[PDB]
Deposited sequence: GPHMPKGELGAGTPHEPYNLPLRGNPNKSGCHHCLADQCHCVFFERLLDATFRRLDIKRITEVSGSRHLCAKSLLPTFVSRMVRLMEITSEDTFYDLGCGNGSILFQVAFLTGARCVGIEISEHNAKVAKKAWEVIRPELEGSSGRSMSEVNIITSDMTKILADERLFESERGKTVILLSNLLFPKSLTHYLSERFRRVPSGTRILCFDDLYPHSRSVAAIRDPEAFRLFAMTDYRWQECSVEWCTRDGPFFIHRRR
């Protein structure tokens, strides 16, 4: 149902439906979804105690082919909302890395209060969610990270406000993750808008299949309008 072709000139884009689906959602292709449920649950949880909204996560789970056999990594997970939604929708093991100690504390406490509610409503046990309080560069400096997962690895990199040096280091490091790994970024790790890119960086194209996307309107906190993001799949 997505429009476009995933190319730089025709990125994949999903227009909002004029009327909500049966779950009240204007975003998802499916006529049933959990976006509003998670909106309300997240808001209630964090009241009891720069972001991607639940509609974005619902679209992402489909785009990145996330399965219960995958391990989902949110690099810069913040309060952990993405981890909670991905675990609920996929059953994958979820790992978040957060450099801010306060944010890691908030994510762990929110997970503790939220997991009982998800398991009570769905009747199913939640997969594991782990929060690592650290700079992601320290963690990813280990070449053995992700290797045992055999490419059953999904990585979210919300790096619009990351310094360019950090994104560049991640672009270098992700060339060496196993085949099959899927990586989502916003400030492109492997700029490929121009046709000469494959001559400038032939290794990046040998190592990745690259797909361009527009995020749906009102799916990101900072913008009501749409914007670009990219999925790179290790060949």
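Q: Show which contiguous pieces of the deposited sequence have no C-alpha coordinates, counting from residue 1.
A: Missing C-alpha atoms (numbering from 1) occur across the ranges 1-6, 56-71.
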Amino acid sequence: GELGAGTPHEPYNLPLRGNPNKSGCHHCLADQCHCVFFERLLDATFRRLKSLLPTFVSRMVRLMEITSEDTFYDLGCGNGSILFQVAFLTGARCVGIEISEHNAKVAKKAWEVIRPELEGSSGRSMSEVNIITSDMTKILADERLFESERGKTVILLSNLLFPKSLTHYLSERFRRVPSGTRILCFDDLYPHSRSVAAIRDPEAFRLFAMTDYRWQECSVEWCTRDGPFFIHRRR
From here on, numbers count along this sequence of modelled residues.
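Q: Using the B-factors recorded in the PDB entry, average over the C-alpha atoms of 59-67 and of 36-44, then report which stretch comes out higher.
A: Of 36-44 and 59-67, the stretch with the higher C-alpha B-factor average is 36-44.
Q: Averaging the C-alpha B factors as listed in the entry, name the stretch that ends up higher: 217-225 or 19-27.
A: Result: 217-225.
Q: Just to confirm, going by the entry's C-alpha B-factors, which of 78, 151, 91, 120 comes out highest?
A: Reading the PDB entry, the winner on C-alpha B-factor is 120.
Q: Thinking about Cα B factors across the chain, which third does residue 112 belong to?
A: Ranked within chain, residue 112 CA B lands in the highest tercile.
Q: What third of its chain's C-alpha B-factors does residue 135 belong to: lowest, middle or highest?
A: Answer is middle: the recorded C-alpha B-factor places it there.
Q: Can you tell me whether residue 193 has a C-alpha B-factor in the lowest, middle or highest third compared with the other modelled residues of the same chain?
A: CA B-factor rank for residue 193: highest third.
Q: Sorting the chain's modelled residues by C-alpha B-factor, tell me whether residue 97 ends up in the lowest, middle or highest third.
A: Its C-alpha B-factor, which the entry lists for residue 97, ranks in the middle third among residues of this chain.
Q: What third of the chain, by the recorded C-alpha B-factor, contains residue 141?
A: Ranked within chain, residue 141 CA B lands in the middle tercile.
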